[PDB]
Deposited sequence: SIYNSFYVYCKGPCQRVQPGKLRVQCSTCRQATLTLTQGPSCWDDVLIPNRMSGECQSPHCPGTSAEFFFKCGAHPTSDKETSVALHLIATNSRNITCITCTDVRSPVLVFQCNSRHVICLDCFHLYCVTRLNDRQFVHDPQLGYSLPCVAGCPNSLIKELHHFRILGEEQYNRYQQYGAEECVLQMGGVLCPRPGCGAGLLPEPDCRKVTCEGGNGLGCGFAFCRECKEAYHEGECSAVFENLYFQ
């Protein structure tokens, strides 16, 4: 079975359904020439093909979508696929707690390590609050295998939906902050602000209020106090 995050009404990880529409008219009228064999076939856009059987449309490209399977859903009531999550049919023990639960998340390390969702939730809630998530300019704010295996950063960041709503929003906040900093940017030091700013690297003067997006504070990026001439302190 496949698993998705249903944002409503389930607000949880649920078994999902795979469906397909024509990429041009966005209607489930396309008949596939062949069935999908791998995740890439359904995840990478325009990868598979067929004929949209609505006459006025010369539909060629197939667009796969996923729905929650726990209740009836409309055609456009889509959920994000959590492709790392799998039914634990073979009763593989969790790499962390050693217990058997279903479903489980499978890391894309060489050892394909398996973690239960309780422990994954735990791994995530622990690393975020300790600022131990990793920034990759290619992937974003992610976590590797809990075992610390190389090249194991989670690519689909919707997996962090297991954090729950509030912690998920915090995750996204923290990730955006980290993105700014890794790009050589600054967060405004004024209390109640904290706007993400990306000045030229040469500039010491950073001004935060033109369109209402800023607080107008002009500060020195080094000492983070009001802009001054010469050396700090």
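K.L.:
Which runs of the deposited chain sequence never show up in the coordinates?
P.N.:
No C-alpha coordinates exist for 1 to 4, 213, 239 to 247.
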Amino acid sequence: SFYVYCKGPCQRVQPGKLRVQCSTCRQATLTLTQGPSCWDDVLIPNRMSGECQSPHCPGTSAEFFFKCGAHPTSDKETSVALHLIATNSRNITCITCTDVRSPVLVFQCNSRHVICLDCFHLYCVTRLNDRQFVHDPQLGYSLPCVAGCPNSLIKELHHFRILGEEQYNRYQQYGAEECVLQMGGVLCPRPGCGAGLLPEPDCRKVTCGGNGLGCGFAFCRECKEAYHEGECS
From here on, numbers count along this sequence of modelled residues.
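K.L.:
Do the C-alpha atoms of 148 to 156 or of 82 to 90 have the higher average B factor in the entry?
P.N.:
The entry gives the higher C-alpha B-factor average to 148 to 156.
K.L.:
Could you check the entry and say whether 196 to 204 or 44 to 52 has the higher mean CA B-factor?
P.N.:
Higher mean C-alpha B-factor in the PDB entry: 44 to 52.
K.L.:
Among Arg161, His121, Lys76, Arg101, where is the Cα temperature factor highest, going by the PDB entry?
P.N.:
Among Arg161, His121, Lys76, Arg101, the PDB entry lists the largest C-alpha B-factor for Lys76.
K.L.:
Just to confirm, going by the entry's C-alpha B-factors, which of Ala176, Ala70, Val186, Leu30 comes out highest?
P.N.:
Reading the PDB entry, the winner on C-alpha B-factor is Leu30.
K.L.:
Considering only modelled residues of the same chain, in which third does the CA B-factor of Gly16 rank: lowest, middle or highest?
P.N.:
Lowest third.
K.L.:
Classify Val4 as lowest, middle or highest third according to the C-alpha B-factor given in the PDB entry, relative to its own chain.
P.N.:
Its C-alpha B-factor, which the entry lists for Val4, ranks in the lowest third among residues of this chain.
K.L.:
Would you mind checking where the Cα B-factor of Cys10 ranks among the modelled residues of its chain, as the lowest, middle or highest third?
P.N.:
Lowest third.
K.L.:
When the deposited Cα B-factors of this chain's modelled residues are ordered and cut into thirds, is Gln182 in the lowest, the middle or the highest one?
P.N.:
For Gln182, whose C-alpha B-factor we compare with every modelled residue in the chain, the answer is the middle third.
K.L.:
Split the chain's modelled residues into thirds by Cα B-factor; is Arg170 in the lowest, middle or highest one?
P.N.:
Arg170: CA B-factor falls in the lowest third of its chain.
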